[PDB]
Amino acid sequence: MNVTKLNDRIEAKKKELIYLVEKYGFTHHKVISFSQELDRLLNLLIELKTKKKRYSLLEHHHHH
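Residues numbered from 1 in each chain as written, not as in the entry; some residues may be left out. Heavy atoms only, no water.

In terms of determination method, the entry is listed under solution NMR.

As annotated in the PDB entry, the protein chain carries the name CONSERVED DOMAIN PROTEIN and is attributed to Bacillus anthracis str. Ames. The deposited entry bears the title "NMR Solution Structure of a protein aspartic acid phosphate phosphatase from Bacillus Anthracis".

In structure tokens, the structure reads:
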């Protein structure tokens, strides 16, 4: 419901992903899938901002 929280969860996932690259490698299935997930939230930033005319800009997760 909040974009800076969203940004934060992306930030944390980036860091988590980096840690996993060190232990598993970037060619590892989980690291690939988490990268897709990280991409998904990164996409959310663009997606909600490209709309902005929607309550969804706030209620992207959790609805009012």
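Chemist: Looking at this model, I keep getting lost on empty space enclosed by the protein. Mind explaining?
Modeler: The gaps of empty space that remain are located by a probe, the size of a water molecule, rolled over the atoms. Scanning all chains against the criterion turns up 1 cavity of 30 Å³ or more. Considered as a void within the structure, the largest cavity measures approximately 40 Å³ in volume. Among the elements of the structure, helix 1 (3-23) and helix 2 (29-51) are those that each provide at least two residues to the lining of the largest cavity. When residues of the lining of the largest cavity are assigned to their parent elements, the largest contribution, 4 residues, is made by helix 2. (1 Å grid on protein atoms, 1.4 Å probe; cavity = no way out; pocket = protein on both sides within 12 Å on 5 of 7 lines; lining within 4 Å. Points joined across faces, edges and corners; volume = space filled by probe spheres on them. Helix = DSSP H or I, 4+ residues; strand = E, 2+ residues; numbered from the N terminus.)

Chemist: What exactly am I supposed to notice about helix 1 here?
Modeler: Because each turn of an α-helix spans 3.6 residues, side chains separated by three or four positions in sequence point in the same direction. Across its 21 residues, helix 1 extends 30 Å between first and last C-alpha, which sits within 8% of the 30 Å expected from 1.5 Å per residue. Every buried residue belonging to helix 1 is among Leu6, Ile10, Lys13, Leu17 and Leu20, and all of these are buried. Projected down its long axis, helix 1 carries its buried residues within an arc of 85°, all on one side. Facing away from the buried side of helix 1 by more than 90 degrees, the exposed set consists of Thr4, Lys15 and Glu22. The residue sitting at the N-terminus of helix 1 and contributing the capping side-chain oxygen is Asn2; that oxygen lies 2.9 Å from the backbone nitrogen of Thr4. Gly25, located one to two residues past helix 1, shows a positive phi value of around 105°. (Expected span 1.5 Å × (residues − 1). Buried < 20%, exposed > 50% of the residue type's maximum accessible area, 1.4 Å probe, protein only. Arc of directions from axis to C-beta. Polar contact = N/O pair within 3.5 Å; in protein donor to acceptor, adjacent residues only side chain to side chain.)

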